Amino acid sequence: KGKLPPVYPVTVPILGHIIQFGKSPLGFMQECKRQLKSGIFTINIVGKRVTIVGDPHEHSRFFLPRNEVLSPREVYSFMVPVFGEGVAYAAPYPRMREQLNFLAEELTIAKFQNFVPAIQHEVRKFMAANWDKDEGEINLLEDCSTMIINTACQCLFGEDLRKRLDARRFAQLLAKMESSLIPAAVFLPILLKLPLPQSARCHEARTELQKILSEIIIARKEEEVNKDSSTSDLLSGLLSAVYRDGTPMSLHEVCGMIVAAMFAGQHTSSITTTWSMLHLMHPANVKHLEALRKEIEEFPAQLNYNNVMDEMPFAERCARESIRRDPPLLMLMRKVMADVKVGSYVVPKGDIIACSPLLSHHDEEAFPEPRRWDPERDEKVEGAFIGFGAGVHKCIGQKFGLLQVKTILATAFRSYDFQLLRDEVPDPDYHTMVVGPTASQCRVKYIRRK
């Protein structure tokens, strides 16, 4: 008609709903939905209006509008010290698009031919070193997370870079950058103006990463005209990029794109793999484990691009459904740059507008019995699954992430069985920025198959 979305009653006058949300984001959001009789509704976070598009039939109103209407820039501004000035959403939108296209072109299926054996190579090296007995106890989340960083680095970076900057040194740098982030800055923008110790720690880590890239580039040139170097990887691909205006990507921007790529996939991919395995080993899912086993039954010892990309539709369903049930990114946000009509409401300029994969993936029309993990399900409302976003800002690394998840699944389950050390699959742990299964609950027995 022309009215604002209904607003959930504020009881705590300075914090709003941040506390209820924090404690149980899904339960809280579902209560709002019920109490207000609407899938579109507004909550209050430290005094800021957050309008949630909690009706899957209306997702396109969030994902499809152009940047001049719904803008991610100010929402992702707390990440500027990580990406760098002029990198990603910080750059003007045409330029940001060019940068993200360059990244996407480093993740083409043509590059995937080499990725599959690089991934499988590192997975087997990990398994040989760590899962080496007849049977043993491990933390699956920790191990998947190691496999993901190692396989990613094996895929994206030449041996010279891995030497100087091994998955271990790389993780420490990225952890330093990450620990300095303050996502609360979205709702308290005053924080991006203050002096914080975080700024210096982040800039320290980013500068050191960029120095190591500089030294790698110089080392390659030393190899490079000798014909002794012709190392081709994500670093050299990005350095070869030329913007429409004729200019090359600066080292600064390359660094930023590499950091962005590593941040994007590190926890999400590793959480997707862990949940998938947790489900697949649970006795209730024995039928799904059999289907996976039949899917990979006749794969060669050394997997090829055809096996993983074209011949694992069921494992793909396992991964997507794990993200459907427990999406690692709970909430996507944009700044409303002009009034937008959404369902029967106007969401006013200056609002934050959000669409929550967590809430949408538990819409009971779209996903009946949403806590039941069922890889065979399909969304019952078109576009209801948004675990990788959609439209304007849809995930460009979706295929690369799934490639790693699927390769690990086929390699692990070909050689091992696993046994939960609990009756039920882990609870999600909502306390972190990227949400995965509770770490203390992820201990598992592996059993070598013979």
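Each form is matched to the other, and the largest set of C-alpha atoms that superpose within 1.5 Å is called the rigid core. Residues carry their position along the shown sequence, with the first being 1.
A fit on the rigid core, followed by a root mean square over CA positions in 6 other deposited structures of this protein, ranks 193-201 against 93-101 and picks 193-201 as the more shifted one.
With each structure aligned by its rigid core, the stretch whose Cα atoms sit farther from this model in 6 other deposited structures of this protein, between 177-185 and 374-382, is 177-185. As the entry records it, the average C-alpha temperature factor is higher for 168-176, out of 321-329 and 168-176. Comparing the deposited coordinates for 311-319 and 85-93, the stretch with the larger average C-alpha B-factor is 85-93. Within the selection 183, 357, 256, 370, the deposited Cα B-factor values reach their highest point at 183. Going by the entry's values, 420 shows the largest Cα B-factor out of 409, 420, 50, 402.
In the PDB entry, a CA B factor belonging to the highest third of its chain's modelled residues is recorded for residue 15. Per the deposited record, the Cα B-factor of residue 36 falls in the highest third when ranked against the other modelled residues of its chain. In the PDB entry, residue 187 places in the highest third of its chain by CA B-factor.
When the CA B factors of the chain's modelled residues are split into thirds, the value for residue 279 lands in the lowest one. Sort the chain's modelled residues by C-alpha temperature factor and residue 289 lands in the middle third, per the entry.
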